[PDB]
Amino acid sequence: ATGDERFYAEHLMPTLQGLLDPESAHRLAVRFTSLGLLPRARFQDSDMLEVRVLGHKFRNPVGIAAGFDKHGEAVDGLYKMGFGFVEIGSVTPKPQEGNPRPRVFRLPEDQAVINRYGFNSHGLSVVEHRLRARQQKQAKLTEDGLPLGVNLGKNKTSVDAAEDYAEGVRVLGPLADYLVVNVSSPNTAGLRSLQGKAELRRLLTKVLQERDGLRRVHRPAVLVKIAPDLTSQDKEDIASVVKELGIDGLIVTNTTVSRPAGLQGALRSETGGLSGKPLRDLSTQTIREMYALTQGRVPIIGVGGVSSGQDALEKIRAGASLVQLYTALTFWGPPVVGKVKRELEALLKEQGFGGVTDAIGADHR
Ligand SMILES: O=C1c2ccccc2C(=O)c2c1nnn2-c1cc(F)c(-c2cc(CO)ccc2F)c(F)c1
Ligand SMILES: Cc1cc2nc3c(=O)[nH]c(=O)nc-3n(C[C@H](O)[C@H](O)[C@H](O)COP(=O)(O)O)c2cc1C
Ligand SMILES: CCCCCCCCCCCC[N+](C)(C)[O-]
Ligand SMILES: O=C(O)c1cc(=O)[nH]c(=O)[nH]1
Ligand code: NA
Ligand code: NA
Ligand code: NA
């Protein structure tokens, strides 16, 4: 455990990063993971890490965020890495290449990344067939407390965003435990403007109608993923629409187009979304706000700058029922998943919580 953790963190990852540009490193990471080339995590999930939410059991509350496995190529390897749930995507209706390279940048002095991938996607059909090939295996994983999420995007050239998302619901909804719609990615022109109210209500109404039209055993939960860059007005409006329509949950947050003071990385002024440590507390505060605006009745998946048990517990106590990480993986490697789970378990005990469920939203009480 702590042996692999230190080896990856101090030696192997700094070396990989010295040899490989970030996008090449990402591609290699997906390849290794899809082949299961990683230590089968020794950390046995204890009962106090179990969470029941979104109509499912989650064996542990630490998931892999969208954007690592964009095309559904490494799902089983990610469960092997120890994640309690996996979110693939974003997936767009038609295949598209995304932005010109370079489009991924490391800020090692900040333990941050900036990306402007631009929703590079193999497309719905390819991903549909990839998930169909392991559909029953996933059904068993889900039953064993390891659910699957699918994050849905829209094509750059799309005329009607709601129809892109509707297509995604129809094609991948039947293969997902939950679906995600972003009103929040920084690298598709106009996508975030889907955050405005009457239009947002229209969009989400259509998504939920399409979801409700699926057969019962193929009917996923629907979550909305938001950026940390919203105005107070935006957040109020989203909370209101979410409650009005019966949206099943929120993912809080995507990357930030802000550049917090104090960034040291040479590449800090590259265009794109910033992730990792400089996002951490901006994310946590957005969770805190959305939890309060929804009266703690809307499940939140908390994400942004998590790389320790303390980071995870801060988001849970702020209102998250589950958390995700991504950027920590790119600095610490696979051992970071077991690290976060072990540290989280220890902190729950230390603070007198019977388990994760007891800690959800505890700061508000
Ligand atoms: O800058 C980025 C980056 C930037 C943006 C997105 C992703 C990444 C990203 O994934 C990454 C970066 N630098 N290194 N990695 C990286 C992270 C890993 F976890 C592995 C890895 C290793 C093993 C060996 O057992 C097994 C499974 C693995 F995934 C890996 F090989 C490379
Ligand atoms: C390289 C990269 C690609 C991403 N791609 C997506 C994506 O396709 N869809 C999405 O909803 N979020 C995407 N994200 C955002 C992550 O899901 C997550 O919300 C964010 O990175 C914050 O978590 P972290 O600080 O642990 O990385 C991406 C993030 C990174 C770093
Ligand atoms: C309140 C705005 C603050 C913006 C971002 C804050 C970053 C906190 C620094 C701790 C991160 C640890 N490290 C190694 C990456 O520097
Ligand atoms: O594909 C991308 O550029 C991307 C999508 C998203 O939702 N978030 C992010 O940081 N990048
Ligand atoms: Na399935
Ligand atoms: Na389902
Ligand atoms: Na405002």
Side-chain angles (χ1 to χ4, degrees), residues 34 51-59 61-79 83-94 119 121-154 162-185 203-204 206-225 242 245-251 254 298-301 303 321-322 324 326:
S34 67
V51 178
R52 297 180 176 273
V53 68
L54 297 171
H56 293 280
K57 177 174 70 178
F58 294 73
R59 178 185 297 183
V62 180
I64 177 71
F68 178 72
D69 189 7
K70 279 170 175 289
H71 326 296
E73 297 173 292
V75 177
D76 291 304
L78 288 161
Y79 290 126
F83 288 111
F85 62 110
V86 171
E87 188 175 314
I88 67 159
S90 300
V91 190
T92 59
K94 302 173 186 307
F119 293 92
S121 179
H122 291 179
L124 287 174
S125 287
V126 166
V127 177
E128 176 211 325
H129 290 294
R130 218 167 255 154
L131 297 183
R132 275 184 176 184
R134 59 179 297 284
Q135 187 166 14
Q136 293 307 316
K137 176 183 229 174
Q138 184 63 55
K140 294 191 171 66
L141 285 161
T142 297
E143 180 59 26
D144 291 345
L146 297 171
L148 176 70
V150 177
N151 188 304
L152 300 174
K154 64 161 167 53
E163 186 58 27
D164 283 33
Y165 294 120
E167 289 176 25
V169 174
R170 291 197 284 257
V171 177
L172 295 182
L175 292 149
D177 294 311
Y178 74 84
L179 293 174
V180 188
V181 175
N182 294 3
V183 298
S184 70
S185 179
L203 164 64
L204 296 179
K206 175 154 165 160
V207 167
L208 288 170
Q209 281 185 267
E210 296 279 357
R211 186 278 303 273
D212 287 345
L214 300 176
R215 289 165 66 91
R216 206 146 280 108
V217 307
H218 291 281
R219 198 179 291 150
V222 173
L223 292 79
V224 169
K225 183 167 180 180
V242 156
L245 296 181
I247 287 286
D248 299 296
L250 289 162
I251 300 192
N254 215 311
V298 177
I300 294 161
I301 302 181
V303 50
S321 295
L322 306 164
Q324 300 169 321
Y326 181 169

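Residue numbers start at 1 and run along the sequence shown. Side chains included, hydrogens not; waters and symmetry mates left out as well; all remaining heavy atoms used.
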Pairing of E163 and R170 as salt bridge, 4.0 angstrom limit |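 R170 and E163: salt-bridged.
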
Are the charged groups of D69 and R130 less than 4.0 angstrom apart, N to O?
->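 So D69 does not pair with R130 through a salt bridge.
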
Side-chain heavy atoms of [X] within contact of [Y], under 4.5 Å:
X	Y	answer
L322	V51	yes
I251	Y178	yes
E128	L175	yes
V207	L179	no
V127	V150	no

Between [X] (side chain) and [Y] (backbone), is there a donor-acceptor pair under 3.5 Å?
X	Y	value
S121	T92	yes
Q138	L146	yes
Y79	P147	yes
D177	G149	no
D248	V222	yes

Please find the pair of heavy atoms, one from [X] and one from [Y], that lie closest to each other, and give the distance.
X	Y	answer
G67	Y326	O-OH, 2.8 Å
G168	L152	C-CD1, 3.6 Å
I64	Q324	O-NE2, 3.7 Å
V169	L214	O-CD1, 3.8 Å
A66	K225	CB-NZ, 4.1 Å
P61	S321	CB-O, 4.3 Å

Counting only heavy atoms not in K206, do more than 12 sit closer than 6.0 Å to its NZ atom?
->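 Yes, NZ of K206 has more than 12 neighbouring heavy atoms, counting only those of other groups under 6.0 Å.
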
Nearest-0.5 Å distance, [atom1] of residue [X] to [atom2] of residue [Y]:
X	Y	atom1	atom2	answer
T142	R59	OG1	CZ	11.0 Å
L54	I301	CG	CD1	6.0 Å
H122	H129	NE2	NE2	14.5 Å
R132	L172	CZ	CG	9.5 Å
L223	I247	CG	CD1	8.0 Å

Sequence neighbours left out, what passes side chain to side chain donor-acceptor pair (under 3.5 Å) with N254? Give chain and number order.
->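 With sequence neighbours excluded, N254 shows a side chain to side chain donor-acceptor pair (under 3.5 Å) to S184, given in chain and number order.
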
Side chain to side chain donor-acceptor pair (under 3.5 Å) involving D76 - partner list, sequence neighbours excluded = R134

Relative to the ring of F85, is the ring of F58 parallel (under 30°), tilted (30 to 60°) or perpendicular (over 60°)?
-> perpendicular

Mind checking what makes side-chain contact (heavy atoms from CB on, under 4.5 Å) contact with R52, not counting sequence neighbours?
->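 side-chain contact (heavy atoms from CB on, under 4.5 Å) check on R52 returns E50, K57.
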
